[PDB]
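Just the one chain here, the form deposited in one PDB entry, laid out as structure tokens.
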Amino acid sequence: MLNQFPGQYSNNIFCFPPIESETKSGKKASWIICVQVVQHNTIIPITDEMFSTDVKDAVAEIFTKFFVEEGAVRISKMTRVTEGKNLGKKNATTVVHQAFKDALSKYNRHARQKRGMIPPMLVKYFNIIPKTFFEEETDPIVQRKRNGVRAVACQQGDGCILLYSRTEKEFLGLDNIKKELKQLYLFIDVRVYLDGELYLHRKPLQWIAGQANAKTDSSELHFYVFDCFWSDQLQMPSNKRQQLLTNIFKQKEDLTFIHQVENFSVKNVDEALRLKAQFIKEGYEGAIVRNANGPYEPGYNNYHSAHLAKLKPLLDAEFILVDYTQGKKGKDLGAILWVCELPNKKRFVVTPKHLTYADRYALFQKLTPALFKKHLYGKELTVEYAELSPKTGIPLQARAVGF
């Protein structure tokens, strides 16, 4: 039945309740996700029988609208679902029920991101440092970049320790860090937020992310705090936030699972790059540079702050193009994707980096499995990536720049 989901039903189109957002300019924004069923280019009504029996040749379409107050309306392309999932079993879904099951998931995840949890700050600049970072009266601060899971810790009026993630999701386990945080908040400032990283030295990102998301309390990770902020003084410049953070750890520097990262003041770009090369040789991901006057700009709407810089080695390699495919939903349906192979014959999907969507559309509509095997099979695709997968050798965070 439709009334079991939040939202109204009008003109054969179900519209979830609009989720209110807050833009950077202080203007209200709205986001609505809708579901409609199309058969022979016609919007047919949604009946209860569609949740247990599939109407043949009928397609359910998921689309969304986003508009700022008094602004234009942005309507995404239709996410066409054409078949249910687990079609052979008891837990099988139909085309309509799977569409509402997927639309409600897009709704619940979207409601969590919008508005005492505050999204952590995010880095905008990659391997470049703006000259404005050194034109300030105070030197910028360079830190070690640990390849772990982002986490923010704060205290509630109840007294419990709240420890959430980058997407504002409360970590279930990690009890060993919650204990030290509870003991820590007995001495230090009551209403301060501790922004840091979940990490264990010499451990891969895949192992760190797994233990951070597991309900099992293995209690292995450490909390490396690199920043702090108060909710009422988000405009506090970075250098003052670093000084106050150091005074916090001068109280109790003997915590087992909570540590403060080391700050390095630099005068020019090489002093940063020399420490970057030093940190890489120590086994770290790279280096983070912080503007001295930069305030704490929370990651609302996945915003990236221009007062931070990330210095990381960008690795490249050549891979053997073997097959091709396409995206599944929305604007990616009909857009070509590359498939490369490894010495062990395992495959992976790569996205072309320097193509318009018209090129990827036209490439997929003009290619056949016979035309591909005649012209492009076996070619070399240079691929940028952050790291190689330590278990399967797959280039991770990979994108194809060309041939």
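In this text, rigid core is short for the largest set of C-alphas that superpose within 1.5 Å between two forms. Counting begins at 1, following the sequence as shown.
Below, we turn to the form deposited in another entry, even though it does not appear here.
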Core-superposed comparison between the shown form and the other one: the option from 267, 328, 250, 201 whose CA moves 2 angstroms or more: 328
Can a Cα shift of no less than 2 Å be assigned to residue 95 between the shown form and the other one, given superposition on the rigid core? yes
Residue 127: Cα shift of 2 Å or greater between the shown form and the other one (core-aligned): no
Following rigid core alignment, is the displacement of the residue 235 C-alpha between the shown form and the other one equal to or greater than 2 angstroms? no
Distance change of 3 Å or more between the C-alpha atoms of residue 300 and residue 17 in the other form: closer or farther compared with this structure? farther
Given that the CA-CA distance for residue 397 and residue 125 shifts by 3 Å or more in the other form, does it become closer or farther? closer
